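The structure file final-v4.cif is reproduced below (mmCIF, C-alpha atoms).
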```cif
data_target
loop_
_atom_site.label_atom_id
_atom_site.label_comp_id
_atom_site.auth_asym_id
_atom_site.auth_seq_id
_atom_site.Cartn_x
_atom_site.Cartn_y
_atom_site.Cartn_z
CA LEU U 4 -10.09 -2.32 -0.61
CA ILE U 5 -9.70 -0.09 2.46
CA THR U 6 -13.13 -0.76 3.85
CA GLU U 7 -15.23 0.95 6.51
CA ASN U 8 -14.24 -1.73 9.03
CA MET U 9 -10.72 -3.19 8.92
CA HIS U 10 -8.66 -5.53 11.08
CA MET U 11 -4.88 -5.59 11.65
CA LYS U 12 -2.12 -7.85 12.99
CA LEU U 13 1.28 -6.80 14.28
CA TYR U 14 4.62 -8.35 15.08
CA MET U 15 7.14 -6.33 17.06
CA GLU U 16 10.69 -7.04 18.13
CA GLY U 17 13.36 -4.88 19.69
CA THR U 18 15.65 -3.64 22.41
CA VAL U 19 15.46 -0.90 25.04
CA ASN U 20 18.71 -0.35 27.00
CA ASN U 21 20.02 -3.92 26.37
CA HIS U 22 16.60 -5.56 27.09
CA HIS U 23 15.23 -7.77 24.28
CA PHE U 24 11.49 -8.28 23.76
CA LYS U 25 8.84 -9.23 21.26
CA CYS U 26 5.20 -8.25 20.93
CA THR U 27 2.14 -9.20 18.91
CA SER U 28 -1.25 -7.52 18.57
CA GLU U 29 -4.46 -7.90 16.72
CA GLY U 30 -7.13 -5.25 16.61
CA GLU U 31 -9.63 -3.41 14.42
CA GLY U 32 -10.97 0.06 13.74
CA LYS U 33 -12.71 2.38 11.34
CA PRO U 34 -10.11 3.72 8.90
CA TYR U 35 -12.40 6.57 7.75
CA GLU U 36 -13.52 7.74 11.21
CA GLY U 37 -9.97 7.65 12.59
CA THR U 38 -10.79 5.18 15.41
CA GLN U 39 -8.87 1.92 16.30
CA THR U 40 -8.13 -0.63 19.08
CA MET U 41 -5.25 -3.06 19.64
CA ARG U 42 -4.97 -5.81 22.17
CA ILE U 43 -1.26 -6.36 22.69
CA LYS U 44 0.74 -9.23 24.15
CA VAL U 45 4.33 -9.27 25.33
CA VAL U 46 5.38 -12.76 24.22
CA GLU U 47 9.10 -12.67 24.97
CA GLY U 48 11.07 -10.44 27.31
CA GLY U 49 8.26 -9.80 29.80
CA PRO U 50 7.62 -8.47 32.29
CA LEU U 51 9.35 -5.44 30.74
CA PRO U 52 11.81 -3.51 32.95
CA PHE U 53 10.70 -0.16 31.39
CA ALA U 54 7.45 1.80 30.99
CA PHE U 55 5.29 0.26 28.23
CA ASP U 56 4.32 3.86 27.35
CA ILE U 57 7.46 4.34 25.20
CA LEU U 58 6.15 1.67 22.82
CA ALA U 59 2.57 2.98 22.44
CA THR U 60 3.25 5.02 19.25
CA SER U 61 5.09 2.11 17.59
CA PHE U 62 1.84 0.12 17.50
CA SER U 66 -1.26 2.81 12.42
CA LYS U 67 -1.61 5.53 9.84
CA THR U 68 -4.38 3.96 7.74
CA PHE U 69 -6.67 4.76 10.65
CA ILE U 70 -6.61 8.57 10.31
CA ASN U 71 -9.81 10.46 9.40
CA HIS U 72 -8.94 12.60 6.31
CA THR U 73 -11.66 15.23 5.66
CA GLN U 74 -11.62 18.49 3.55
CA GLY U 75 -10.35 17.10 0.26
CA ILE U 76 -7.07 16.31 2.12
CA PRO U 77 -5.35 13.67 -0.06
CA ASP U 78 -4.99 10.58 2.11
CA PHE U 79 -1.44 9.45 1.36
CA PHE U 80 -1.68 6.41 3.65
CA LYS U 81 -4.90 5.00 2.21
CA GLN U 82 -3.81 5.69 -1.42
CA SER U 83 -0.57 3.69 -0.95
CA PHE U 84 -2.65 0.52 -1.15
CA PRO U 85 -2.57 -2.26 -2.55
CA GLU U 86 1.20 -1.99 -2.06
CA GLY U 87 1.36 -0.35 1.38
CA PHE U 88 3.87 2.04 2.96
CA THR U 89 6.62 2.21 5.51
CA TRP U 90 7.52 4.50 8.36
CA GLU U 91 10.69 5.16 10.33
CA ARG U 92 10.99 7.38 13.38
CA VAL U 93 13.34 8.67 15.99
CA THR U 94 11.80 9.86 19.26
CA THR U 95 14.10 11.94 21.47
CA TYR U 96 13.25 12.21 25.16
CA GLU U 97 14.19 15.39 26.94
CA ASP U 98 16.01 13.43 29.67
CA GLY U 99 18.28 11.52 27.24
CA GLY U 100 16.41 8.43 25.92
CA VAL U 101 16.25 7.82 22.17
CA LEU U 102 13.96 5.32 20.44
CA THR U 103 14.07 4.51 16.74
CA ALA U 104 11.44 2.44 15.05
CA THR U 105 11.15 1.20 11.56
CA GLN U 106 7.84 -0.22 10.43
CA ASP U 107 6.38 -1.99 7.39
CA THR U 108 2.65 -1.77 6.67
CA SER U 109 1.16 -4.19 4.17
CA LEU U 110 -2.25 -5.51 3.17
CA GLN U 111 -2.18 -9.30 2.87
CA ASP U 112 -5.42 -11.12 1.99
CA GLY U 113 -7.87 -8.55 3.43
CA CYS U 114 -5.95 -7.89 6.65
CA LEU U 115 -3.40 -5.24 7.58
CA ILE U 116 -0.04 -6.61 8.66
CA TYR U 117 2.40 -4.43 10.63
CA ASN U 118 6.07 -5.32 11.13
CA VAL U 119 7.91 -3.16 13.65
CA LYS U 120 11.56 -3.09 14.75
CA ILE U 121 12.41 -0.98 17.86
CA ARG U 122 15.72 0.20 19.28
CA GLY U 123 15.84 2.45 22.34
CA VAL U 124 19.12 3.52 23.90
CA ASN U 125 20.41 5.88 26.58
CA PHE U 126 17.35 5.78 28.86
CA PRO U 127 18.45 7.03 32.32
CA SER U 128 18.10 4.31 34.96
CA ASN U 129 16.77 6.89 37.42
CA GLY U 130 14.27 8.20 34.86
CA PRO U 131 10.46 7.74 34.93
CA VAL U 132 10.67 5.37 31.93
CA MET U 133 13.13 2.87 33.51
CA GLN U 134 11.65 3.39 37.00
CA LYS U 135 8.17 2.80 35.60
CA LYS U 136 6.63 6.03 36.80
CA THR U 137 4.61 7.01 33.74
CA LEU U 138 0.88 7.41 33.32
CA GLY U 139 0.01 7.83 29.65
CA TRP U 140 0.25 10.39 26.91
CA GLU U 141 -1.57 13.68 26.62
CA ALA U 142 -3.23 14.40 23.24
CA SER U 143 -0.88 15.53 20.48
CA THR U 144 -0.74 17.23 17.09
CA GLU U 145 1.47 16.06 14.26
CA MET U 146 2.32 18.47 11.43
CA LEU U 147 2.93 16.69 8.13
CA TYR U 148 4.74 18.15 5.09
CA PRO U 149 5.69 16.63 1.72
CA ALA U 150 9.35 15.76 1.09
CA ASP U 151 10.82 13.65 -1.79
CA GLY U 152 7.42 12.27 -2.90
CA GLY U 153 6.94 11.01 0.67
CA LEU U 154 5.70 12.73 3.81
CA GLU U 155 7.68 13.77 6.87
CA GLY U 156 6.09 14.29 10.30
CA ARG U 157 6.94 16.48 13.30
CA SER U 158 5.42 16.12 16.73
CA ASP U 159 5.87 16.98 20.39
CA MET U 160 4.38 14.72 23.03
CA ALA U 161 3.94 14.82 26.77
CA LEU U 162 4.07 11.74 28.97
CA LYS U 163 2.29 12.13 32.30
CA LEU U 164 4.37 11.29 35.41
CA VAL U 165 3.73 10.10 38.95
CA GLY U 166 3.50 13.21 41.16
CA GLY U 167 2.27 15.06 38.10
CA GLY U 168 4.34 17.06 35.67
CA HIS U 169 5.38 15.81 32.26
CA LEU U 170 8.34 14.22 30.42
CA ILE U 171 8.39 15.78 26.94
CA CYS U 172 9.62 14.08 23.84
CA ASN U 173 10.12 15.00 20.22
CA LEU U 174 9.25 12.90 17.18
CA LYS U 175 10.64 12.95 13.64
CA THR U 176 9.05 10.54 11.14
CA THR U 177 9.59 9.73 7.47
CA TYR U 178 6.71 8.17 5.55
CA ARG U 179 7.46 6.30 2.31
CA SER U 180 4.91 4.93 -0.16
CA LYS U 181 5.67 1.72 -2.01
CA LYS U 182 3.19 2.82 -4.69
CA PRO U 183 4.85 4.97 -7.49
CA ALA U 184 4.55 8.79 -7.27
CA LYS U 185 2.53 9.40 -10.47
CA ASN U 186 -0.27 7.44 -8.77
CA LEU U 187 -0.31 9.70 -5.68
CA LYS U 188 -2.06 12.99 -5.27
CA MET U 189 0.28 14.45 -2.64
CA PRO U 190 -1.36 16.56 0.08
CA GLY U 191 -0.55 20.06 1.31
CA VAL U 192 1.17 20.74 4.63
CA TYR U 193 -1.37 19.41 7.14
CA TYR U 194 -1.99 18.45 10.75
CA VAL U 195 -3.28 15.40 12.53
CA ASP U 196 -4.70 15.68 16.04
CA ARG U 197 -4.66 12.44 17.99
CA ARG U 198 -5.39 10.97 21.38
CA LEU U 199 -3.94 7.66 22.37
CA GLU U 200 -5.39 6.04 25.49
CA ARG U 201 -4.81 2.85 27.45
CA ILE U 202 -8.07 1.01 28.08
CA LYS U 203 -6.89 -2.10 29.95
CA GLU U 204 -3.73 -3.72 31.22
CA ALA U 205 -2.91 -7.01 32.98
CA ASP U 206 -0.05 -9.23 34.22
CA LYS U 207 2.45 -6.35 34.81
CA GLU U 208 1.84 -4.65 31.42
CA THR U 209 2.35 -7.98 29.56
CA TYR U 210 -1.19 -7.48 28.40
CA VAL U 211 -2.25 -4.02 27.17
CA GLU U 212 -5.29 -2.67 25.39
CA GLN U 213 -4.76 0.54 23.44
CA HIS U 214 -7.17 2.92 21.66
CA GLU U 215 -6.44 5.83 19.32
CA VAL U 216 -8.61 8.45 17.65
CA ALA U 217 -7.05 10.67 14.96
CA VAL U 218 -8.46 13.34 12.61
CA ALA U 219 -6.54 15.23 9.93
CA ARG U 220 -7.05 18.92 9.08
CA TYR U 221 -5.90 21.85 7.01
CA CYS U 222 -5.58 25.03 8.99
CA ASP U 223 -9.10 26.36 9.67
CA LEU U 224 -7.84 29.79 10.78
CA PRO U 225 -8.67 32.93 8.81
CA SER U 226 -5.98 33.96 6.37
CA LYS U 227 -4.95 37.44 5.26
CA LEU U 228 -3.24 36.35 2.02
#
```

Mind turning the file's structure into structure tokens?
Amino acid sequence: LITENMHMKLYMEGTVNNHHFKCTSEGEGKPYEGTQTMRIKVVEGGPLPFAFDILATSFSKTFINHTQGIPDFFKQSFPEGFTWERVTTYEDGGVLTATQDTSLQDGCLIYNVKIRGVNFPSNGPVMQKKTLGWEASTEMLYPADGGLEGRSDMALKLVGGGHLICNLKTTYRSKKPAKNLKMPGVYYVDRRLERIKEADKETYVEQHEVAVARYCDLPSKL
């Protein structure tokens, strides 16, 4: 059902500082090796007046390599799928919220994303388009209410070097009933999200992510 190779389709709509846009993507990856690729089109609203980089994480939790017994909450949620919602707070004032629906319709993963970003400073690297990709990041995940919550800090590279830091809070909800879910322990996902190709003023973007889950491998004294 969640096979070694899997494809996905995405529809995205939203608003960043009064600017409306829509996106679509199709892609594929290896859900069990944590690897994936999306080719993304801006179909309405382009060329975007803000750095495409703020959207990157809105574009895939089925594609995380879960290893040492680590109950895979995202894969188990199938056939019925799961949702996520997030608020990302940028240290210079911008806030982006995203609510997403992940389903599996007739062999293919369908993603539906709604974005709303406000308060981005007009003199900031995001609105001035002075960003250069994300550094690697670690998410810590912990169980809450029969779902998972996530916490992460991320660094967006700037022109002239230095970083704009942002903070992520995410709630994961299964649509499959709790007595069918082995819930995992507090765990961590390390991930790297890279841009592979762009064209036509970021109206075409190709994006690749690798992600691997872990329990803490450090010696314990207890």

Report task. Tell me which residues the PyMOL selection byres ((chain U and resi 141-143) around 12) grabs here, as a PyMOL selection string. Result -> chain U and resi 56+60+137-140+144-146+157-164+168-174+194-201+215-219

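With the shown file loaded, the PyMOL selection byres ((chain U and resi 118) around 6) picks out residues 13, 14, 106, 107, 117 and 119 of chain U.
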
**Report entry** Shortest interatomic distance to residue 134 of chain U - which of U:45, U:165, U:76, U:11, counting only C-alpha atoms
**Finding:** U:165

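Every residue within 6 Å of the file position (-4.9, 6.0, 7.7), judged by only C-alpha atoms, is given as residues 34, 67, 68, 69, 70, 80 and 81 of chain U.
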
**Report entry** the PyMOL selection byres ((chain U and resi 115) around 9) resolved against shown file, as number ranges by chain
**Finding:** U: 9-13, 108-114, 116-117

Query raised in the report: Using only C-alpha atoms, which residues sit within 8 Å of residue 181 of chain U once same-chain residues fewer than 4 positions away are excluded, as a ChimeraX atom specification?
Result: /U:83,86-89

Query raised in the report: What gap, in Å, lies between atom CA of residue 44 of chain U and atom CA of residue 93 of chain U?
Result: 23.4 Å

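Of the listed residues (U:124, U:54, U:150, U:187), U:124 comes nearest to residue 101 of chain U; the distances count only C-alpha atoms.
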
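With all atoms listed in the file taken into account, the protein and nucleic acid residues at most 12 Å from residue 205 of chain U (excluding it and anything under 3 positions from it in its own chain) are residues 42, 43, 44, 45, 49, 50, 55, 201, 202, 208, 209, 210, 211 and 212 of chain U.
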
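Among the candidates U:91, U:16, U:7, U:151, the residue lying nearest to residue 35 of chain U is U:7 (atoms considered: all atoms listed in the file).
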
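One finds atom CA of residue 176 of chain U at 24.0 Å from atom CA of residue 133 of chain U.
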
Report task. Could you check how far atom CA of residue 92 of chain U sits from atom CA of residue 33 of chain U, in Å to one decimal? Result -> 24.3 Å
